[PDB]
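[1] This one is an experimental structure. Sequence first:
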Amino acid sequence: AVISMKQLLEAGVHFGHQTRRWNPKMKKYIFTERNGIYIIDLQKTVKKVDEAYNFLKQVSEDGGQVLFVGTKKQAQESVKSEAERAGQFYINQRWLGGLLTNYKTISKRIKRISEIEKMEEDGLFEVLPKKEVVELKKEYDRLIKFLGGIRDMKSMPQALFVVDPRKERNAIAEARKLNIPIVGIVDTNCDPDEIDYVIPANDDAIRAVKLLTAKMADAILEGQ
RNA sequence: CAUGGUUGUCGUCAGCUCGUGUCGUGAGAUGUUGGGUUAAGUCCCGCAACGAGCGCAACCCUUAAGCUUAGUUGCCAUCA
């Protein structure tokens, strides 16, 4: 669980935004404010970095899945790696509009990634012309562009770890409607009434993301 | 102007929607808009939509170069 401040504030984590762009409900987590920036109150992280953690560890261990979502350039990588390295899912490109709520339809396009990779592992690109084949090989990269790291999810993920719950808000609307409790990294500048286990931290420094998202895949590795 | 069948027309114009999801108190919207391009809702990219049907194109004829199979009634190079 627990993290040590010194790596926390060496990681970036305590920064924030301009004093103009700020949300009055993250006023409990601020600390001071230097040079137009707000500055976060790590000691409220460090109680909440873990309080997220040993919710993660509990949930991996009863069979849960845990969708990682993050898409802002900082996140797309450090979520694809660490979501892998514990065996969960993730989504890096467009959050396709409507995959949890409209799931029944977006599945069928997650099982047409597999009607196709069974046509080329057998023969059959010979029987079909070049004007019916040049198609089936970039309808394989659209459907893999977006749905790639999710193609082994059959039911709604139990929890969900979101990285920017303002760029991401398309998703949170969907989870908060299916009741899928969210864990997420709020910057300043964002709003915690929609989320369940907020992590008051930074949001732009790549290392700030990966460090924190380092953990939450540790703590599904271990309670497991 | 009680019908069924057949037929012009706008017009070969690029349209006309549906499931499921979301938005809206509702009628409705979205998708179908947007940056581009195309004869073409034709294609890419983006995007609360994700896909699908009828159209569009192509599969059909007849035209413009050849190549094997064939030589009457067609053709007449090399000969009377």
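    Sure, I can see it. Residues are numbered from 1 along each chain as shown, chains lettered A, B, ... in the order given.
[2] hey, let's count contacts and neighbours off CA atoms from now on
    Will do.
[3] I'd like the distance from the most centrally placed residue in chain A to residue A:167, if you could.
    Central residue of chain A (Cα atoms, centre = their mean): residue A:69, 1.9 Å from the mean position. Distance of residue A:69 to residue A:167, given as Cα to Cα, to the nearest Å: 11 Å.
[4] Is it correct that the residue nearest to the centre of chain A is in contact with residue A:157?
    No. Using Cα atoms under 8 Å, residue A:69 is not in contact with residue A:157; the gap is 11.5 Å.
[5] which stretches of chain A form strands?
    A:30-32, A:39-40, A:66-69, A:89-91, A:159-162, A:182-186, A:197-200 (DSSP state E).
[6] Export the ones you listed as JSON lines, with columns for distance to RNA strand B.
    Output for the strands of chain A, formatted as JSON lines (distance: least, Cα to the nearest atom of the strand, whole Å):
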{"stretch": "strand A:30-32", "distance to RNA strand B": "30"}
{"stretch": "strand A:39-40", "distance to RNA strand B": "29"}
{"stretch": "strand A:66-69", "distance to RNA strand B": "14"}
{"stretch": "strand A:89-91", "distance to RNA strand B": "13"}
{"stretch": "strand A:159-162", "distance to RNA strand B": "16"}
{"stretch": "strand A:182-186", "distance to RNA strand B": "16"}
{"stretch": "strand A:197-200", "distance to RNA strand B": "22"}
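[7] can you put the ones you listed in a markdown table and add distance to residue A:119?
    Putting the strands of chain A into a markdown table (distance: least, Cα to Cα, whole Å) gives the following:
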| stretch | distance to residue A:119 |
| --- | --- |
| strand A:30-32 | 56 |
| strand A:39-40 | 54 |
| strand A:66-69 | 29 |
| strand A:89-91 | 25 |
| strand A:159-162 | 34 |
| strand A:182-186 | 39 |
| strand A:197-200 | 44 |
